[PDB]
Every structure is written in C-alpha cells, then in structure tokens.
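Everything below concerns the one structure shown next.
Protein chains: 2
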Amino acid sequence: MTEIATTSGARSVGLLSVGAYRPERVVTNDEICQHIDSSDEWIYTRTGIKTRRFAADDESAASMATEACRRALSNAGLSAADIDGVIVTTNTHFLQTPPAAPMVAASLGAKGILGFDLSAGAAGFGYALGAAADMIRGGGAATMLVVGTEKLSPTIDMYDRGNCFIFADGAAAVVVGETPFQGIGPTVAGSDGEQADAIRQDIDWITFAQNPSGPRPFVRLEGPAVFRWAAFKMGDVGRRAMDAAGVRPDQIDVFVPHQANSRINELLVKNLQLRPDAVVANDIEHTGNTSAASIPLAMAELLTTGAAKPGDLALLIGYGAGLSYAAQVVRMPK
Amino acid sequence: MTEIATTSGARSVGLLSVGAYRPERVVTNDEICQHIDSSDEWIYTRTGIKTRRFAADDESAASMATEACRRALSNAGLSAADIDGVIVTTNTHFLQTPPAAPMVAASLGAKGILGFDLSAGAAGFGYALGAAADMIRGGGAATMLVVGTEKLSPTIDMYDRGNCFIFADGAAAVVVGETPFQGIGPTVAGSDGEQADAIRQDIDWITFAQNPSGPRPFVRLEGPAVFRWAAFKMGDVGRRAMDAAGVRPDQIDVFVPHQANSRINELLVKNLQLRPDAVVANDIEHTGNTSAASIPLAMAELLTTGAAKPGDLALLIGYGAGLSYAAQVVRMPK
Ligand SMILES: CCCCCCCCCCCC(=O)SCCNC(=O)CCNC(=O)[C@H](O)C(C)(C)COP(=O)(O)OP(=O)(O)OC[C@@H]1O[C@@H](n2cnc3c(N)ncnc32)[C@H](O)[C@@H]1OP(=O)(O)O
Ligand SMILES: CCCCCCCCCCCC(=O)SCCNC(=O)CCNC(=O)[C@H](O)C(C)(C)COP(=O)(O)OP(=O)(O)OC[C@H]1O[C@@H](n2cnc3c(N)ncnc32)[C@H](O)[C@@H]1OP(=O)(O)O
C-alpha cells in the first residue's frame, strides 16, 4: 500500500485589489416607472435606489466579468500570467454550457488556467471568495481571480410592480493571493431551501422551450418574505462571521452587505451594533441590486470615494436566491 | 489592528460512500437511430455506447441529485443531520436561479446547511470534489455531499447525427469527510477557453426568449476536435495528478475517466501506461455520457459489480465543455 500526498499552500491569504465595471447606460427611476404605477420618490424611500446601470445588447455576464478582471489585475499591478485560476460567480450566464470562466480566462490571455462557474444567488461572491481562499490555502493555486458578474436587465418584467426597479447590470473582481497577515476570515454560510420560491425564475427554460406560445420566463420575487428573512436572520450570520474571524463588532470599520435593499441593510447595521462611525456600503444608490456582483462593486465604490481605506476591517454578508447566505470578515484590498 | 483568525479542519479527507441514481427508461441505439442515418453497430464501435437512460418528464437535475444523495447517505450509514454542506455540480439545472443545492438540502431534511451549484462541463465533479476537500480541510465544514447530476436528454437534437446518441440522464453523489488516511489527492485542473465552441448551447436563452417561435437551443458538439483534445492532452493531466498525489502509474488499481467516449478512454489507458490488470471504468456502455455525473456514476458501477473494491487507488479525470478539466487520485468509497 501507498499513501496519497498531504499538501498545503500559503496560510495567510488576502484581497490584493478590486476592479469594477459599470455599464454606460444610466436608467432613472422615472424611466423604470414607464410600465408600473409608481414614483421615483416611493422607489427611493423603499429601496434606497436612485438610478441603475443596464448593459448593452452586445454585452454579457462573461464580457463584463472580463473587463472587471482586467481592471482588478491593473489595480494589483499583475498580469494574466500571475493568475492560477478564476472563479466566475453569477446567475445570468445565459448558457447551460460552456461555463463563463474558461471564456473569461482566454479573453484575459490566460487560456490554460483552472476555473468554474458558481451559482448561489447574491451569496455567490461569499461562496466564491471562501472557495478561492480554501483552494489557495490548500495549495491548489497561489493567486486567483474571483469575479462577480450580472446581466439581470434582460430577466426583468418591466410590468412587475414588485421588482422591476430592483435589479441591474455590472461586474467586479477581486484578486486573491498571499499576504503578510491573514486577510480573509473563515466562511460562514447556510441557506433556507424551504423558501426557494422567494427569488426565482418562474418558468424553467426547457418548459419554456417546449411551450413557446406560453408566457416567457421572468425574475419573480416575494419581496416582503425576503425582507423579513434578511432583516431577521442576517444579524446572526454576521455575528458568526465576526466570531470565526475572532473580531468584535466594535472593530468593524466597513460594513458591505449585499446591496439588496437599503432598508434591510440599515436595519442590519443597528442589529450588528457596529460603532456609530462605521462606514456602510450604499452603492445601491446608483448601482441598484447586482446580485453576485453587488458586494465587490460596493467594495470598489467605498474605495474609489475614500469612504473606505485599504486595510480596513470589513464585514461582507451575501444573501438571496435559493435562500442562500455567505459571510466573512476581510481586510479591504487595493 | 487585530489579525483575522484562521480556522482548521481535517488533514485526511476521503470518499466515505457513493450513491447512484439511474432513470428507469432505457433508450437503445435503434431507438436513437429512428431520426438519424446510422446503425447500432456504428454507434457502439465509435463511442462504446450500447444504451443510455433518460429521465421522466416530472424528474429534474435537482430531484435526481436528491435521490442520489439519499442513497449515498445510506451507503455511508449517515443521515442528513451528519452533513454540513452540499455542492451540486451540473450543466442541466434549467433555472438561472434559485440554485439546486439549497433545494436538494431541503428535500433531504437538512434545509439549513451551506451549498452552491458548480458548473464546469464534465469537469464539474473534479472541481466540486476538490472544493469540498478544500473546504473540509480549511474547516468550513466536516462532512459534505458532492453530487453530480444531469438531465441532458431535453437538450438533445434527436436529428443531430453528430451527438444525439452521446448524452444521457442520471445522478450520483459522494459523501466526503474525515478518514484515518489521506483519501483525496491534490486537484490538478485547467482549461482551454479558445475551444469554448467545441461543446455548447448554440443559442443563448435570452436571444431565444426574444424569438421563442423561431429555432430553439440544442446541445451542439464539434466531436473530432474534442476527441483530439482529450486523447492528446488528458495523459499529461493524469500524470500531473498522480505526481501531485505522489503515486506511480503502476500503483493505480482503478481508472475512472469521464465517460465521454470509450475510444478516447482506452487511448488514455495506454497513454498513462497503467498496469495490465488495472480496472477501467466502462459505465458508458449502458449509461452513456452523463457529463458532471459520469465519474461518480462510473465509480458506483465498478463497486456494485465488485470489479473495484473500496480502498482501491483510483485516478479520476474529468474533461469537457468550456474546455475544462479536473483530475485527482483518490481511494474508492463505500
Ligand atoms: C429570464 C428569467 C430569468 C430570471 C432569473 C434571473 C436571476 C436572478 C438572480 C437573483 C439573485 C439574488 O438572489 S439577488 C438578491 C435578492 N434581493 C432582493 O430581491 C431584494 C430584497 N427585496 C425587498 O426587500 C423588497 O422587494 C422591497 C421591500 C424592496 C419591495 O417592497 P414591496 O414588496 O414593493 O412592498 P409592498 O407594498 O408590500 O409590495 C407590493 C407592491 O408595492 C406597491 N408599490 C410599488 N410602487 C408603489 C408606489 N409608487 N406607491 C404605492 N405602492 C407601490 C404595489 O402595491 C406593489 O404590488 P405587488 O408587488 O403586490 O404587485
Ligand atoms: C437547451 C440546450 C442546452 C444545451 C447544453 C447542454 C449542456 C451540455 C453539457 C456538456 C458537458 C460535457 O462537458 S460532456 C463531455 C463531452 N464529450 C463528448 O462530446 C464525447 C467526445 N465526442 C466524440 O468522440 C465524437 O462526438 C464522435 C467521434 C462520437 C463523433 O464522430 P462523427 O459523428 O463520426 O464525426 P464526423 O467526422 O462528422 O462524421 C463524418 C461522416 O462519418 C459518417 N458518420 C457520422 N455519423 C454517423 C453515423 N451515426 N452512422 C453512420 N455514419 C456516420 C458519415 O458518412 C458522416 O457524413 P459526412 O460528414 O461525410 O457527410
């Protein structure tokens, strides 16, 4: 008999940079209301959204992901050659196959590197970040790209009074690699598969394919149900993430929850009992909810405005579809 | 400034068990030959396939994954309560969201546990396995389910003379957890994004959705290119996985390549230069190509026939869409 080798990589792993891509076209609340009975004022006070970006027709979750990666690499002072793997997290790659990751890799000039697509609603970034961290620590890679990307706008039913003003397009990537001190806390994650219907595609693609004369699929949302779940449960998730990371709530400088809704997030702020001067991500204002892309996009907004600084202690909480959640403490990149 | 804490999991991780779900309906080559100009003889000698199983209309990738997990749990002497996380790998979950994993978790009676969907063509399993091992060793979980599942049959163009006889339905899961001795070698993985068109959905869902009554999407395949790529490249992949695991080719007792084609796989046998008596998975004979699910399904097939024993040193090689590949040495479960 023989033994399978026991291996390990670098223990200390961190975020080296963030890179954000936001589509050109700006969509105002007045524009969104062109098919629903609503107002700009209502939408804003209910969601915290003022505007959002929609990508062009020639753009995709993969294409925006690539731009986001190019930017993250630039901000890290690295090239494609430095990366060992890419995990794409998204809910809007509109192909059963091929995966987006290998495509992104080839467009970056690193066609050979490992990679896969990971889906878990808005929690995808948290799961993907944790996954890169585990892999790097396990020695399966030294440096990786983790990119959240979303082209949600083609899934929106403009007549849906419950959600048409919520979702938007964009991508953001983080470079993950070895750092002098631990930059990514342990992953806290879970789900509620009993509420799988709360955020969904209503009609599966095959069903749609077989009945073209029926309705087409759209994103459907049980808003209040999600609101209750998130505002009620994400305080404990955050607490477990900070506990695993061995940091107190008073030590958090930056709160970056998934940008689902500003009312939920400000509720989670009070709940987590961060300190008064704690910086709270509000990228939802002109970005809207970009699911898997929301957290890294928000990290980038906090950094480009200087509201957050490199090295700040941050709490990331992703929550959403399937009813999935993932959270971790991290040191801000760049 | 406080340093972020690091959590720790198991050092030795293994496959405790495997469970296989195979759909009731058997589709013979002659049945496939009702819509293409071919013969049973041709298909068999060119692919190694005699028959394949197709799932019922009311079955899905998530539902077969669930049955597969239940059996895997049963074969390990465990219940849902013992599982900390589930990763569903598939290419045929026909919803952008919610993800399959939380749904499967809830059907199993463990609705809270962490989980996500992983897509990487047929290499999904290897990536999913590698990720589960990384998370367990990293201490994000102690015991996990990794389930490969595929309902490919509704994506087949029955008139496509190049592929209609290749893909099939089924699911199989492994229980992954701590073992006395190292049961899972290091992941060796990569891709070839320049050949993303080799195996693909021809029409993306959104384009299709905006012209439903026109042509619908189907799985398309540049077979000779894939054949060439796999037979020429997977020998070195295997060799890297074995070198990583610190094992010699003469020490492998069981070869389990992705069941894409029996001609490719037998070429890889000669290429890797395994010993004469080494057991080679040939589940493809009556299972067909089940992508993400093929390796676990084939593992299960070898064990139920006694051709393989639990504890045998196995080389797993997954290759397919996006042009992705993942390989590792492991000890057989159950
Ligand atoms: C291609 C397919 C692929 C589809 C698949 C695409 C992939 C998707 C991937 C998603 C991945 C994720 O998980 S992303 C993260 C998920 N996050 C979220 O969904 C955000 C969380 N959502 C929320 O918190 C909520 O939606 C709120 C609070 C923002 C929305 O509040 P609300 O639900 O509108 O409030 P409520 O009044 O109770 O709701 C009912 C309605 O609002 C009222 N209303 C609306 N506007 C007005 C108004 N101006 N004046 C008075 N009332 C108004 C209407 O009566 C309307 O009726 P009616 O509505 O009853 O008709
Ligand atoms: C909703 C959408 C989502 C869709 C998305 C669904 C998700 C998919 C997920 C996939 C995930 C994976 O990675 S799965 C792993 C992928 N694996 C594979 O694809 C398996 C590898 N493939 C192969 O080995 C190949 O396909 C072969 C060798 C089986 C096919 O060879 P081939 O068909 O002979 O190729 P070709 O050179 O075109 O043949 C040329 C000529 O040969 C003869 N010929 C060809 N076929 C036949 C025939 N059946 N019977 C008699 N003769 C024939 C003819 O004279 C023909 O005519 P003429 O040309 O002279 O006129």
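Top to bottom, those sequences are chains B and A.
According to PDB author numbering, the residues represented by the first sequence are -10 to -1, 1 to 202, 202A to 202D, 203 to 263, 263A, 264 to 317, 317A to 317B, in order.
According to PDB author numbering, the residues represented by the second sequence are -10 to -1, 1 to 202, 202A to 202D, 203 to 263, 263A, 264 to 317, 317A to 317B, in order.
We treat Cβ as the ideally placed atom computed from N, Cα and C, and that holds for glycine.
Any non-hydrogen atom of ligand 4 closer than 7 Å to residue i Cβ
i	result
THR35/B	In the structure on display, ligand 4 does not appear, and the ligands it does have are ligand 1 and ligand 2.
Residues bridged to residue i (per DSSP)
i	result
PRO243/B	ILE302/B
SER309/B	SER181/B and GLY305/B
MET134/B	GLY75/B and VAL166/B
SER7/A	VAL165/A
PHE44/B	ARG15/B
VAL315/A	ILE174/A and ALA299/A
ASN274/B	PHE157/B
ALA112/A	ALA110/A
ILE189/A	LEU207/A
Local conformation of residue i per DSSP, three classes
i	result
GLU252/B	helix
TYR117/A	helix
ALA293/B	coil
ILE33/A	helix
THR18/B	strand
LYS219/B	helix
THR139/B	strand
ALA70/B	helix
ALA158/B	coil
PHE106/A	strand
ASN257/A	helix
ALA263A/B	coil
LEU98/A	coil
residue 325/A	Absent from the model: residue 325/A. The displayed extent of chain A is -10 to 317B, so no value can be given.
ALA51/B	helix
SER64/B	helix
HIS25/A	coil
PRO89/A	coil
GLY(-2)/A	coil
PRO202C/B	coil
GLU286/B	helix
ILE269/B	helix
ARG226/A	helix
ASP124/B	helix
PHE213/A	helix
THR145/B	helix
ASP236/B	helix
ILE280/B	helix
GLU(-8)/B	coil
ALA58/B	helix
Requested in this report: Taking a Cβ distance cut-off of 8 Å, strictly less, list which residues of the segment 111 to 137 of chain A are near chain B, in chain order.
Outcome: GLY111, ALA113, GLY114, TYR117, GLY120, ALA121, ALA123, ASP124, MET125, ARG127, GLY128, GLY129 and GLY130
Query raised in the report: Should the segment 124 to 140 of chain A be regarded as contacting the segment 53 to 69 of chain A, the criterion being three or more beta carbon pairs within less than 8 Å?
Result: yes
Query raised in the report: Hey, is the segment 185 to 196 of chain B in contact with the segment 61 to 74 of chain A, meaning 3+ C-beta pairs nearer than 8 Å?
Result: no
Requested in this report: Check distances from the C-beta atoms of the segment 163 to 177 of chain A to those of chain B and list, in chain order, the residues that come in under 9 Å.
Outcome: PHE171, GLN172, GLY173, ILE174, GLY175, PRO176 and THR177
Query raised in the report: Counting Cβ pairs closer than 8 Å, one from the segment 279 to 292 of chain B and one from the segment 219 to 230 of chain B, do we hit at least three?
Result: no
Requested in this report: Report yes or no: do three or more beta-carbon pairs, one from the segment 87 to 105 of chain B and one from the segment 301 to 314 of chain A, lie closer than 8 Å?
Outcome: yes
**Report entry** the segment 146 to 163 of chain A touching the segment 163 to 180 of chain B, judged by at least three CB pairs closer than 8 Å
**Finding:** no
Query raised in the report: Touch check for the segment 18 to 29 of chain B and the segment 140 to 160 of chain B: three-plus C-beta pairs under 8 Å?
Result: yes
Report task. Take every Cβ of the segment 80 to 87 of chain B, pair it with every Cβ of the segment 101 to 115 of chain B, and state whether three or more of those distances are shorter than 8 Å. Result -> yes
**Report entry** Stretch pair the segment 267 to 286 of chain A + the segment 212 to 227 of chain A: three plus CB contacts closer than 8 Å
**Finding:** no
Query raised in the report: Between the segment 119 to 130 of chain B and the segment 191 to 201 of chain A, are three or more C-beta pairs nearer than 8 Å?
Result: no
**Report entry** the segment 309 to 317 of chain A touching the segment 169 to 178 of chain A, judged by at least three CB pairs closer than 8 Å
**Finding:** yes
Query raised in the report: Using a beta-carbon distance cut-off of less than 8 Å, what residues from the segment 221 to 237 of chain B approach chain A?
Result: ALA230, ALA231, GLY232, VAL233 and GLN237
Requested in this report: Pull out every residue of the segment 180 to 200 of chain A whose Cβ sits closer than 7 Å to any Cβ of chain B, in chain order.
Outcome: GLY180, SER181, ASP182, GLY183, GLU184, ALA186, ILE189, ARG190, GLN191, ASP194, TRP195, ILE196 and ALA199
Requested in this report: For the segment 301 to 315 of chain A, enumerate the residues whose C-beta is nearer than 7 Å to any C-beta of chain B, in chain order.
Outcome: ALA306, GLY307, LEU308, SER309 and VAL314
Query raised in the report: Taking Cβ-Cβ distances below 8 Å as the criterion, which residues of the segment 140 to 158 of chain A are in contact with chain B?
Result: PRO144 and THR145
Report task. Mind the definition here: the segment 206 to 220 of chain A touches the segment 208 to 221 of chain B only if three or more C-beta pairs lie below 8 Å; say whether that holds. Result -> no
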